[PDB]
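Visitor: sequence, then the experimental structure. Questions to follow.
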Amino acid sequence: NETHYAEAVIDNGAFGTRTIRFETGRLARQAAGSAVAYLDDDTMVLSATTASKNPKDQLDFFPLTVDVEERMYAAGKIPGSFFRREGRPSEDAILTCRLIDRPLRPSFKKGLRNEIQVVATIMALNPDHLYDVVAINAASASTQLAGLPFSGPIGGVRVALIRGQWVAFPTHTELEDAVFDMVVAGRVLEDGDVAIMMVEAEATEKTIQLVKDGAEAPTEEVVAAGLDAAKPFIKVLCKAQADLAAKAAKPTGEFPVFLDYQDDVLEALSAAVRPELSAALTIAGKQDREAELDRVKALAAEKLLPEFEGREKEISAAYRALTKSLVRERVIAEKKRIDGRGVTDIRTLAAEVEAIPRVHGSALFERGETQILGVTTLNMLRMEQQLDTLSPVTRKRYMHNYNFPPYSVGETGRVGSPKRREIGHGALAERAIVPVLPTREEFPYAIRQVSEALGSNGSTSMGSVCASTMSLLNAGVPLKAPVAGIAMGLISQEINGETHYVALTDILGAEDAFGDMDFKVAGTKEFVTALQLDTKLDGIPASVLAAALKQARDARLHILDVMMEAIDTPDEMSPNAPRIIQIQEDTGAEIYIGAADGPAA
Amino acid sequence: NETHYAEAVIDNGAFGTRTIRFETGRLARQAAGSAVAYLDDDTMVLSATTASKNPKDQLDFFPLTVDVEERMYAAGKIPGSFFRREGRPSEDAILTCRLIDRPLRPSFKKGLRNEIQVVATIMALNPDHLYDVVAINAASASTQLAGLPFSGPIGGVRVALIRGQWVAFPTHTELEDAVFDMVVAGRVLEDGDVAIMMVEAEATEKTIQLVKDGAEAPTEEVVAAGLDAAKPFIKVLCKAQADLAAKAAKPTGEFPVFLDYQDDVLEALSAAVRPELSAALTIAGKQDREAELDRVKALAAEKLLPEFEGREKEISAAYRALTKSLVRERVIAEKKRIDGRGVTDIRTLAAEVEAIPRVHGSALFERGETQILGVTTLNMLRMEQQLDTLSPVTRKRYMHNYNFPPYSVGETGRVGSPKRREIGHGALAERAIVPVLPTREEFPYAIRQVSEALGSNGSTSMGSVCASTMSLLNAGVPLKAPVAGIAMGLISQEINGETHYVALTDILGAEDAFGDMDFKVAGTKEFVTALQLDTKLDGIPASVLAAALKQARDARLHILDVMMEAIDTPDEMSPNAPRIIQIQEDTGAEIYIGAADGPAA
Amino acid sequence: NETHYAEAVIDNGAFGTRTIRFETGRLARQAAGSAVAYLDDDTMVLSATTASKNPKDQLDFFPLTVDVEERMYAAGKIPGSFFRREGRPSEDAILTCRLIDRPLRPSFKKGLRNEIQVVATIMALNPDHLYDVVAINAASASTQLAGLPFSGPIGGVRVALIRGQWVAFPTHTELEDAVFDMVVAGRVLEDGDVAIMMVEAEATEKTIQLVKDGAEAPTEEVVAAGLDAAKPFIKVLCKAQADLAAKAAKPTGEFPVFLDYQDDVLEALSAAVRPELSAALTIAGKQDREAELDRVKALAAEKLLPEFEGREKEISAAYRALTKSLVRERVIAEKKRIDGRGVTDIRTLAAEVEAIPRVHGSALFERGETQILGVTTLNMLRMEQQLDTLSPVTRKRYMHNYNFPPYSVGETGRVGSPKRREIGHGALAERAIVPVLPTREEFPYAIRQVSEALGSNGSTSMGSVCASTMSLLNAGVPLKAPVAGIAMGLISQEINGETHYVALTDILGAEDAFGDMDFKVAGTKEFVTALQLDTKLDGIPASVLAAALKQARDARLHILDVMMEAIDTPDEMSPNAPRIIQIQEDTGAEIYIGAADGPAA
């Protein structure tokens, strides 16, 4: 029972040096794995990882749960809620859960069935520090120490482009000069290279002003440079964790790994319907191709029966594994996708404003089956949201809500509190717009943007950005520039010794599961305002990444054109919207005073 | 992929013409069925209906779920809640769900087992419009278009008696002159006649004053007239939907329908215990008759076994179907009910005030096994409820809460948030009292009425009205007149070519499932303050409806007599209640000022 | 259908006489059992007990649920919440549920499997009365009348040491002079003696001042005297209930009782592994002894198989029953515990302050596997909690929150709203500290204490007290005296005619299930500040109880020594903490005014 430590020195040159220190051995010793991460021995995050005694094979996927507990005492304050106790998690907590879950989930060895839970508690917080990227490393560390079969350690860092430099673990003070804020997580390969696994980035509310005053705008080139600048830090963080795990020398428990299907079933099924299935997947029409598929499912379920009694869960798994191979295979060879499109083809677009009566502003955006309705509401600043969390942010002038109803994909389901996904997609589309919003003084209004995903099948979040841009303009909000988004995919196949890469524009929901990389990009004509990436690939050639981003950029620019035909400049503010510039009875206006339906002079 | 429209022109003569316009084809195309309904192209409600891929036969009933999503942006305002996002549904939303569910649920072909969900979103709302009846039609339309086996279309309308005229889809401005507000939903029969399926009506806070100044009080006769005035509008709405569905020409999916039991089992069981069961149902005593029943259940479960192995779910279903027939049969032939009562007999009554110590006012009402405790609390107006929804109502001086605990019917269960039923019954009993309350100026108090259903078995909601009247009077609230309620039932059987009708006074819970029509009526000695009806019957003779309402009226008047013996005029306001008419320390009163335990001069 | 009554006269001599009156027959007649309890015909609590029709044998334990419904109308006020309706239960309600559940659950005949629910509603409350102990008796009464197999009636009373006298059912007015407040519940044995089953006691905020002015401090001796003074009242309450049940003469339903295992399996298993298991339990090392156990589980599961097919649930139950006997047996004979300790040995201790950076105050307390992190936060009084319940308490200057995460015991689980246990343990540790806190005027700060149970296995609540004392001192809070706690156990075995008693110091979680009595004690060096007890024993010798409490006292004093080495006197208040003693902009301080980071002169 001894305490072990390890440090990751982060050198930012003229901006100073900081340290992420890891600890294990004194806190939460009953958990399978436990670790603490400090940022300059000031901010502190405790992470505990536990696993169920027995595997939960009654499931088809890996059950991982991430929870982030924000403790108000970390900021030296008593919770302001009526119950004086912190309750339902803040937006930051939920977003941090996802930042942790995204790279962690895939890291676990395929087949694992034990239920895994990770709980990160923010116990001490220097008001000038950002805890999210500290929690990522703590979550990785505790999991590494739990003796769980996963490709750890995972290093998480934030790099922001401040005065031409990519500063690691920037502080709020430093972020005042950032043109781009980017969170990156990766692992170290056996050859020593760093493999990037997750990216969550955005431009800032300072970007346009900084660029105007001299800073370099964040384009695809700059963003890619930021990714390279992140690797050295990630390596240091992973090394520090590996050192911690080596010192702790915890035991590697016995965790069973299950197969989706034994080889016999895959060989049987293939031999039974490989040519038919291959032919069926050539049918572009969705409902027309789904006909054949439901049929070949019989021709197969017939031949392999009753030879395989009670091996259904295996024939299905194999049936998907097979479909996946054939489809990927066809994209590389024939260069055609499952819906008939070519690698750079965007589904049918459609844009229009004034989609809903009475509301301050609205827009309808369509891209294939993905349909997003955006609605804008403008009220006086006294309606802006008030926040009391472990964040310096206390008010929010621009609010975005993303709704994803079950009927969006033709099914039934709970209609209530927003899920973690809604929070995530909502946040990304929110961050994509923030950089082009007018200032509080230029436009004295609390702004609430709502995106209703009425139809879904391919990045509703990116579609949510486009609908937001138009809806806001339709409402009369003077945006500094319009913003559009697109969701890409990438296929990496090694065809006889050599590796082939293919970037797919505007991927369908299914193309996500078939691919090796998933990235989303939003921005104006000049630069990137939001970027999201996820992959397991050991890495891809600089030229491939550049080409994929350039392709994505081309798609974004086309979409901005379609959008501009619907609306170019802000519209005349709706009459229903208030006009902002005793007496509140005489003038009929509530006092910066306005509260006038429009008249009031 | 084209957009289709259809219109229902509502002609209100001197009050103007308005239009409910239906649309389908551009919004939410992934749902089984989708439709939009506009009221004067201003107020807008989107409705989407979805169904589960596979039936859910593991259930005994039809699983339908209705959700009403109120979007604050429809009123051009940012949600006022701390989270600036709309959350748990308002009372109006829940009540609208029920207005939709009541006529829709029965409309589905018996046997359907797929899970069905309907989601209506209020997207645009003219502050002078009422969205509930617009949502009803939208819900019907989307469902009709989903290709689901149901007796659509269902037309929903509101008719209010304004200046001698029944105005369809009245506005808040017009409702200022209404003596009766009535929501009605129905369908069009093959012969072209309209069959009314649901009614939700009430008198208003203006009724007594209007009648005093000349208007005609809403009696059984007037109410029946209102129902007739509703039919023409319902027909126009159904026609508009049928026209929409015809234009859309969506496909009629393959939805399986299941039988509760095959005929063999019903014929077997009947032949096995028909005479015994028939005899057992003649025993008036509940616990004494339930003895025989549990026995004949054996004599039968014996003979039909093991001849029917694994056919239990069928023997039970058949056993109920059989009981139902025998019981109905006996009511018509012998004119006697399952508990020994005659068609017009009211169960044993009991009324008393001062049932609970200390509280401002209380009353205990008993009618058979139904027992309701009512408790009144009086506070200063600053305690009245504040509301921020899609309704013009911002404050509520009179609040009614209805609690239905599991032990109310001898069972265990969740004790927490109020269910949709509690909201519904609570609302109906609330609306029944509102018309006789003193004005804000006559009685400057926030009033909270709570009804505890301590015993249940036959309209606790109607019993809730009676307890409210007495409790309020016991507290010293000067009601303009006392209110009482009664729950009726109706049996319609075609005995050899001709159809027989029998109205049942104060029905038991079981008599609800045995009947063909269920209606509840509340009111003073002079008129109706609340009415609720549900049926599937193609329609009943004018004279039958009139007779049923007259019977119900007789019952209501008898109950008012029993109530008046307990309390006639308001009592002396309790000393514990406050008296309303720096200095708040000197006078000991908080300032219209009172805040005095009674003294303060 | 008649109403029955019975009274329990409580004679407090010079302090007056009060009465608890029971009633049954008029309210909630559909519940299996129903009863009302009045305190001086003023305060009123209705209790209804219901049971599921069919037993729920798919469970291993008895499913009992207690709910306490606080009705604001009982105090003559409209709920202050936004929804003007009472919602999620107050702390008092949850604590009252536990006061009821603790003695009631064990009272049910072993083997019962029907789901039982008890709902107590507070309908009328004299502001000077405490309803908790009234609800206890009402819950007992309704359950007794339900004809359920349980050792009723259970009498609940509160005795407070006021001016040298133990006053029964004290009022808030009288509690102003109490040095000790103690809730006790018990039953009457056939010989007429009272058997105490549950105790929940605490010193008060008045204790130290009263003692200084002459009153006798509450030591082990005084506390024991209070227990004796409680028995006469308990007897009167039980007699009153028995009289009520006799008058009601309700029927005793047919409730099946199930066996955990038939005798054959226990005799088989014993003969198969009794000597091995007995040997295995001699291994002190946890992981080393769990090796043998998992093995003998085979040697047994082997011999008894396949002789016992489908009798697993029985072999397991028997395996525990056997382990329990052997372990208890060894403690009495050899005087050694399952972890190798002796009856008076305390596990390894460890204490330290300044455990977390930045926070106002913190401390880490360890006792065996039980590890508690305590964190203190100090804010201005405007941050104190505001309360609006059926209690005279409207503000809370000292707040304690107890968190028990799943990883605390190495497992996964829900991380959200606090469970009833957290509320209970949180409350007990809160009450243990309240008596030594500085006054509002001496220390003008709102204080929030949080205990994180990072490791658990033996009274985290008592460990929570110790961490609170140190954490508060570390923050600079001038406590009048330090407080420590310890959890005891007691084993009662009749070895050949005579009964042997053995008190165990600092019991492990398992030692709780093996014992016959569980008690926790906290306090300073001078007296007891909190006491908690639970047992089913018919009673224990005065000398045994005294000896157990003296042993517990010795343990508490040792722990206070270890704590004092870590911190003795309060520390210098943290700089991050605020200092309390237009202009709020000039002085930078918010106005008793302070709001200064420290400077402000």
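Guide: Everything's here; your move. Numbering: from 1, shown residues only, chains lettered A, B, ... in the order given.
Visitor: so which residues of the stretch 251-400 of chain A form helices?
Guide: For the stretch 251-400 of chain A, applying DSSP state H, counting those that start in this stretch gives helices covering A:263-280, A:286-303, A:312-333.
Visitor: dump those helices to JSON lines, plus mean neighbour count and distance to residue B:472.
Guide: Yep, even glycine has a C-beta here, placed from its N, CA and C like the rest. Output for those, formatted as JSON lines (neighbours: other Cβ atoms under 10 Å in any protein chain shown; distance: least, Cβ to Cβ, whole Å):
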{"stretch": "helix A:263-280", "mean neighbour count": "17", "distance to residue B:472": "72"}
{"stretch": "helix A:286-303", "mean neighbour count": "14", "distance to residue B:472": "62"}
{"stretch": "helix A:312-333", "mean neighbour count": "17", "distance to residue B:472": "64"}
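Visitor: out of the ones you listed, which gets nearest to chain B?
Guide: Of all the helices of the stretch 251-400 of chain A, helix A:286-303 sits nearest to chain B, with 11.1 Å by Cβ to the nearest Cβ.
Visitor: can you tell if the closest one touches chain B?
Guide: No. Remark: helix A:286-303 sits outside contact range of chain B, by Cβ under 8 Å from any Cβ of the partner chain, the gap being at least 11.1 Å.
Visitor: for that helix, packing partners?
Guide: The contact analysis (3 or more Cβ pairs under 8 Å, 6 or more residues apart in numbering or on different chains; DSSP states H and E) places helix A:286-303 against helix A:263-280, helix A:312-333.
Visitor: residues contacting whatever residue of the stretch 201-350 of chain A ends up closest to chain C?
Guide: Closest approach between the stretch 201-350 of chain A and chain C, counting by Cβ to the nearest Cβ: residue A:251, at 11.1 Å. Residues in contact with residue A:251 (Cβ atoms under 8 Å, 6 or more residues apart in numbering or on different chains) are residue A:147.
Visitor: give me phi/psi at it?
Guide: When quoted as degrees, to the nearest 10, the phi and psi of residue A:251 stand at phi -80, psi 150.
Visitor: one step back: redo the helices and strands packed on helix A:286-303 as a markdown table? Include distance to residue C:386.
Guide: Shown next, in a markdown table, are the helices and strands packed on helix A:286-303 (distance: least, Cβ to Cβ, whole Å):
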| stretch | distance to residue C:386 |
| --- | --- |
| helix A:263-280 | 64 |
| helix A:312-333 | 56 |
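Visitor: just put these in a markdown table and tack on distance to chain B.
Guide: Formatted as a markdown table, the helices and strands packed on helix A:286-303 follow (distance: least, Cβ to the nearest Cβ, whole Å):
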| stretch | distance to chain B |
| --- | --- |
| helix A:263-280 | 21 |
| helix A:312-333 | 16 |
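Visitor: tell me which of those sits nearest to residue B:465.
Guide: Taking Cβ to Cβ, helix A:312-333 is the member of those nearest to residue B:465, at 57.4 Å.
Visitor: and the angle from that closest one to helix A:286-303?
Guide: Between the axis of helix A:312-333 and that of helix A:286-303 there is an angle of 130 degrees, by axes from the mean of the first three to the mean of the last three Cα atoms, to 10 degrees.
Visitor: mind saving the C-alpha coords of helix A:312-333 as CSV?
Guide: Coordinates of each C-alpha in helix A:312-333 appear next as CSV, following Å, rounded to 0.1, in the frame of the first residue of the first chain:
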residue,chain,number,x,y,z
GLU,A,312,-28.5,-17.3,-35.4
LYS,A,313,-26.6,-14.6,-33.4
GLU,A,314,-23.6,-15.8,-35.3
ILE,A,315,-25.1,-15.9,-38.8
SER,A,316,-26.4,-12.3,-38.3
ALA,A,317,-23.1,-11.0,-37.1
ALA,A,318,-21.3,-12.7,-39.9
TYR,A,319,-23.9,-11.4,-42.4
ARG,A,320,-23.0,-7.9,-41.4
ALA,A,321,-19.3,-8.5,-41.3
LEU,A,322,-19.7,-9.8,-44.9
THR,A,323,-21.9,-6.9,-46.1
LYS,A,324,-19.4,-4.5,-44.6
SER,A,325,-16.5,-6.1,-46.5
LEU,A,326,-18.4,-6.2,-49.8
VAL,A,327,-19.5,-2.6,-49.6
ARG,A,328,-16.1,-1.3,-48.6
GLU,A,329,-14.6,-3.5,-51.3
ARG,A,330,-17.0,-2.0,-53.9
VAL,A,331,-16.2,1.6,-52.9
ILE,A,332,-12.5,1.0,-53.5
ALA,A,333,-12.7,-1.1,-56.7
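Visitor: quick one: classify the residue in the stretch 451-600 of chain A that chain C sits nearest to as helix, strand or coil.
Guide: As assessed by Cβ to the nearest Cβ, chain C sits closest to residue A:592 within the stretch 451-600 of chain A, at 19.7 Å. For residue A:592, the assignment made with DSSP: H, G, I helix; E, B strand; the rest coil gives coil.
Visitor: ditto for residue A:98
Guide: Strictly by three-state DSSP, residue A:98 counts as helix.
Visitor: burial count for the residue nearest to it when sequence neighbours are not counted?
Guide: Distance criterion Cβ to Cβ, 6 or more residues apart in numbering or on different chains; nearest residue to residue A:98, sequence neighbours excluded, is residue A:424 at 5.2 Å. Look at residue A:424: counted by other Cβ atoms under 10 Å in any protein chain shown, it has 23 neighbours.
Visitor: that older thread, and the gap between the residue of the stretch 451-600 of chain A closest to chain C and chain B?
Guide: 17 Å (Cβ to the nearest Cβ, to the nearest Å).
Visitor: what's the neighbour count on that residue?
Guide: Count around residue A:592 with other Cβ under 10 Å applied: 11.
Visitor: for it, which non-adjacent residue is closest in space?
Guide: Nearest residue to residue A:592, sequence neighbours excluded (Cβ to Cβ, 6+ apart): residue A:444, at 5.3 Å.
Visitor: closest one to residue B:44 among the helices of the stretch 251-400 of chain A?
Guide: helix A:286-303 (30.2 Å).
Visitor: neighbouring contacts of that closest one?
Guide: Helix A:286-303 is contacted from outside by A:268-269, A:272-273, A:276-277, A:279-281, A:283, A:315, A:319, A:338-339, using Cβ under 8 Å, 6+ apart.
Visitor: residues touching the nearest residue to residue A:504 once chain neighbours are set aside, list them.
Guide: In this structure, residue A:504 finds its nearest non-sequential neighbour in residue A:489, 4.1 Å apart by Cβ to Cβ, 6+ apart. Residues near residue A:489 by Cβ under 8 Å, 6+ apart: A:503, A:504, A:507, A:511, A:512, A:514, A:515, A:517, A:518.
Visitor: chain center to the host helix or strand of residue A:489: distance?
Guide: According to DSSP states H and E, residue A:489 maps onto strand A:484-495. Relative to the centre of its chain, strand A:484-495 is centred 16 Å away, using Cα atoms, centre = their mean, to the nearest Å.
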